[PDB]
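The form deposited without N-methyl-1H-indole-7-carboxamide (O2A) is given below as one chain in structure tokens.
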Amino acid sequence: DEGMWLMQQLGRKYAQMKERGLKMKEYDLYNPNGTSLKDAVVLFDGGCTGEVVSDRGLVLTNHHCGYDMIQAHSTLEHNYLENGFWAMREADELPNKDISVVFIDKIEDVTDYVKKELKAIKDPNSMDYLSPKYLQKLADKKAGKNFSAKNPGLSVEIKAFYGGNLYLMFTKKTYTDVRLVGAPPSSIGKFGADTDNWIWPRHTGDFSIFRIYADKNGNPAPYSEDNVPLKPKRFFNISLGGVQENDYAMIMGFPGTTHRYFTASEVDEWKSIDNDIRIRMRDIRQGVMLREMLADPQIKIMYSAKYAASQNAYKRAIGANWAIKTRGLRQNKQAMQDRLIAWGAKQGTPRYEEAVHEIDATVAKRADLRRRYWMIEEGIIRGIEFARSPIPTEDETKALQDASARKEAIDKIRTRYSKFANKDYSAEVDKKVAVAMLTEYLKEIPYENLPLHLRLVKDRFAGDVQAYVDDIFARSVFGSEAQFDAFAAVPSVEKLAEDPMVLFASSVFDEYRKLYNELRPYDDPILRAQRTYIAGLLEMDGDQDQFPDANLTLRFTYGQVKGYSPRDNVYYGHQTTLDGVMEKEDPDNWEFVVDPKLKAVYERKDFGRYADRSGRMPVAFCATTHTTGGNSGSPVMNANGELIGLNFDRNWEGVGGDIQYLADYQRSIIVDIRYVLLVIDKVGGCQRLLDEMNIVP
């Protein structure tokens, strides 16, 4: 609804944005033929968003965006992840291998060009109109002969939008020398740890600082000691004016994916198959893991990360199913498609109703296969660790059935066994997880649809799941270290070909691949019908109040700084403060430890020019902007285009926003720039970073 607009759509949205509080001139925010604020936005490390905040190429992004770089530069002597990092001179900024920042130099509507090229149709059902290989061939053709060589640092890309009804060509400028400049300690950068993920109120200072480096002429260059900071076309001014309830706020970033044009049948499928299976299977897996972690402190250490990784999409699916149940998402897709069908009937064009029918019939046809795919993926592929135990290759088997190739094959198998049964793997915890997961899977998947090895539960073990799992470990070469070593001393192909763990792993991966192959053909009639469906929606109501689905491209969104009521008699305001961090402090809980330097700043009220009018220290705020994954680190702007914060999350009540924007619940969770500037100053003591920024009072 309130969307993720293309840069091209700024002209037709400008009057609405000005009516809502925007004060800056249109072309100062985005101009296709000149420097604008869009030039200060980057795609950071291929997923996150970032922003240039100085004339020396300083870049701000989230702490979770720069986490890998902070961890790669951390040692037991200098633990930057735990204590933070603050380069006191430019020469101290740490280079990062395999990093990139992408500027969106130009954006061009190439729809007529692509549609003309597509007319050279050999097959009307061809999926080349969505093919990245085909679209790249069109981009190179339009850009010219050896474009990347004639314009170093530049590259061109064509993307489909609106289901193949609009195409844009992006000219990108990529920098690969991007150095670590500063980061708060993890106690600030990830304060709520996984407890506060998807949660508002939020008290996390989710930021990290980098710097773009380039050759002497500002042109992209890989890491070199001779590289100099980039002087950019444009950078953001930092506002110290803060935010008030109802203030206009806007964001630019790279949202990843949305499903705004789902039919009501696709919403039902998402709920009843995807979400219900993920919820059910992860609840079983997590329940067993938690019981084992709570009983043995060593199991808690080994399984804490695996448990946290399972919980993230579990929480997302709970949040998504809450919107489907309470916000009428299915009903609103049903009303949208019925309105298009009625309009098509009145215009004498039945192709829109035919397209919606095709989608519904494909969804109904693939239901059993999709249910079987999600059951095996959630239940076994992800659910059971020994499903990813070693499977001897075609060549490895041959190199065991008269040369030194046997010791080579055994070394490869040993390396894979040592990765599977690593320092964090408990065979006992895995057997208990497998028994509960397989019991549920065997109740849901009939005998005829089981992976072949799982048929032994009924046929060989009289339905005893525990005995079938016990037998896998008791007899397998990968059941324990002593069992592997006995095999490694006298390795026979006959033993491997009949190994219960190998047969289980092979069998479950066989079924998983077979289901994937049988389901893949159903995606194409839905995609082709969506091209017709979205064309109808656009022709009927226009490209004014319906944005194209996110597809990892540059978008803007606007709204207001505003809280919301999550439930009866409860209101969450628009801004959190440093007092809220102190309320959450728990010294004996690593997730909620408070940095001593930050605690003393709060006690002393050493907030300087960063506190609000009442003398309170702001931490984070929330806004009615429409964001999703891909918007981590996005710049949040004032009515004047000044930086007021960095987006870092969205509340669980707004996960349904990827299908239907929720005005009364969905909020972007943003770290206040005043809190960013307080941490750099009072916790990092890195004054040179403050001095190079253009700070407006």
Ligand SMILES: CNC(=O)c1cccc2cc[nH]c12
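Position 1 is the first residue in the sequence shown; the rest follow in order.
One more form of this protein, deposited with N-methyl-1H-indole-7-carboxamide (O2A) bound, exists but is not displayed; see below.
Novice: With the partner left out of view, is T349 within 4.5 angstroms of N-methyl-1H-indole-7-carboxamide (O2A) in the deposited bound form by any non-hydrogen atom?
Specialist: No, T349 stays farther than 4.5 Å from N-methyl-1H-indole-7-carboxamide (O2A) in the deposited bound form.
Novice: In the deposited bound form, does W652 have a heavy atom within 4.5 Å of N-methyl-1H-indole-7-carboxamide (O2A)?
Specialist: Yes - in the deposited bound form, heavy atoms of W652 and N-methyl-1H-indole-7-carboxamide (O2A) come within 4.5 Å of each other.
Novice: Mark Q136 yes when one of its heavy atoms lies within 4.5 Å of a heavy atom of N-methyl-1H-indole-7-carboxamide (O2A) in the deposited bound form, and no otherwise.
Specialist: Contact with N-methyl-1H-indole-7-carboxamide (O2A), no.
Novice: For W198, is any heavy atom within 4.5 Å of N-methyl-1H-indole-7-carboxamide (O2A) in the deposited bound form, or not?
Specialist: Contact check for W198: yes, within 4.5 Å of N-methyl-1H-indole-7-carboxamide (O2A) in the deposited bound form.
Novice: Let me know the one among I318, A221, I238, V228 whose heavy atoms come within 4.5 Å of N-methyl-1H-indole-7-carboxamide (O2A) in the deposited bound form, would you?
Specialist: None of the other options qualify; the answer is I318.
Novice: Pick from 123-131, 190-198, 447-455, 606-614: which stretch has a heavy atom within 4.5 Å of N-methyl-1H-indole-7-carboxamide (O2A) in the deposited bound form?
Specialist: Every other range fails; the passing one is 190-198.
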